[PDB]
């Protein structure tokens, strides 16, 4: 799975998300990648975000929309990603599930070019490309 969000020279946002899904999944199974507000969501008035992790968990939590909406509430891209994860962390615990068996994270971007990234668990990485160059970065995580 690969999720990508971008802000062009015009200050416009856009995003793409495409995957083959979970290997050896049931036939007809759909993950978060193609669901708007789950694997990806874009609002040229607030910002954008794309997810990572178990598609089943991202769908039930509508994470990506949650992140963008939180940015609409005044949160910076990073605070929105962190706040969204911490909320899903509670939801997970509510379901009596161990944080070690579930991963859900996001990378966000706002109209000012500001971005964020946060996940439940450590180990994920993403790529950022601006006038500073192309680089691999690590996000923040709740499990620690």
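Residue numbers count along the first chain shown, from 1.
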property: Of 56-64 and 94-102, the one with larger mean CA B-factor; result: 94-102
property: Higher-B stretch (mean Cα B-factor, as the entry records it), 22-30 or 114-122; result: 22-30
property: Third of the chain's Cα B-factor distribution that residue 45 belongs to, per the entry; result: highest
property: Residue 143 by Cα B-factor - lowest, middle or highest third of the modelled chain; result: highest
property: Modelled-residue ranking by C-alpha temperature factor, third containing residue 131; result: highest
property: Chain thirds of CA B-factor: placement of residue 89; result: highest
property: Chain thirds of CA B-factor: placement of residue 35; result: middle
